[PDB]
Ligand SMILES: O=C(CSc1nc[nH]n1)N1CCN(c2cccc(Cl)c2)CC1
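One chain comes next, on its own, written as structure tokens: the form deposited without this ligand.
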């Protein structure tokens, strides 16, 4: 049956309710950036070295000082229990098996503590939104600390939600039995049965809960709040990347939010080199957006990323077979990446160099 990431999406479309598949699939507006996150990878061509001895390929690396089995990690995707009953618990168990890390959404359908209990040995990080209520925000950071999470990925590209047309058409909301489990009030939990207007429920949730005023001053607050490593997630400009470094942050996740926020921004693989150049080696730079194949991972590392994060493929893995489906998606990416390394002449990630790619 399913032998590549595209097969998993096709299967997911066949089993998921339309509103759920559309929520997960969609980009913003006319979905120009959604298409380009994938197309852009195809424009970067590979220049493989031959005869390098690739009998012993070592995919291991490190993310913010923590060892991982491969430079391929799970990105934050909200509300994973829509795809499979075990949701984020399934995901974390698969990451533990693979030896890679899971970035947990602030909008998860499982709590910070539930996920730590399901994956005690898994490398785990918290993706944070800055809520208007700073006490909610602080509690999230404190729970992450207490529960053994190793970094905070602060999302900086979502002062408001992007306009995902299908979610507006479908009047997207959670299924009745589910909630955003990190919160206790009906509104902050995204309770269906609560008034989220007549368009996308999630856009109205964001408008009610998430602070559109945040600024660099709020990054200063967050940097003083926690001594955990903090990564700025959603940076697309070199000037903003230099500002993140100036604020004492510890990495940059080059991201257009899976093309779900501002449509018409560049593909992340295309902006990666500017950002790598701008940070001058001071912090690790990561990528997400459009990673589907081992060669995508290779290209991102050649251009200077430490690791990549995958969003939608993980959700499709859940939709197929929960924990096992996520494990299989990650194993496919791992094997494709191993093969791409070997065929390119790379024994390990340290020798994946800039001469391997040209646009």
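Numbering follows the first chain given and starts at 1.
Below: the form solved in complex with this ligand, not depicted.
My understanding is that this ligand gets transferred in the entry with it bound by a local C-alpha superposition; in that placement, do 3 or more ligand atoms come within 2.4 Å of this form's backbone or C-beta, making it blocked, or is it open?
After the site C-alphas are aligned, the pocket of the shown chain is blocked to the transferred ligand.
Kindly confirm or deny that 232, 274 and 276 each have some heavy atom within 4.5 angstroms of this ligand in the entry with it bound.
Heavy-atom distance to this ligand in the entry with it bound: none of the three under 4.5 Å.
Taking this ligand as it sits in the entry with it bound, is residue 133 in contact with it (heavy atom to heavy atom, 4.5 Å or less)?
Although this ligand is absent here, residue 133 would touch it in the entry with it bound, with heavy atoms inside 4.5 Å.
Can you work out whether residue 205 and this ligand are in contact in the entry with it bound, taking contact to mean some heavy atom pair no more than 4.5 Å apart?
Because a heavy atom of residue 205 falls inside 4.5 Å of this ligand in the entry with it bound, the answer is yes.
Spell out, yes or no, whether the shortest heavy atom distance between residue 285 and this ligand in the entry with it bound is within 4.5 Å.
Residue 285: no, not in contact with this ligand in the entry with it bound.
Quick one: does residue 141 come within 4.5 Å of this ligand in the entry with it bound, counting heavy atoms only?
No, no contact at 4.5 Å.
Please pick, from 262, 118, 178, 209, the one residue with any non-hydrogen atom lying within 4.5 angstroms of this ligand in the entry with it bound.
By the 4.5 Å heavy-atom cutoff, the listed residue in contact is 209.
The chain here is shown without this ligand. Which stretch in 90-98, 144-152, 179-187, 276-284 comes within 4.5 angstroms of it in the entry with it bound, by heavy atom distance?
Of the stretches listed, the one contacting the partner is 179-187.
Would you mind checking 282-319 for residues with a heavy atom within 4.5 Å of this ligand in the entry with it bound?
Result: empty, none.
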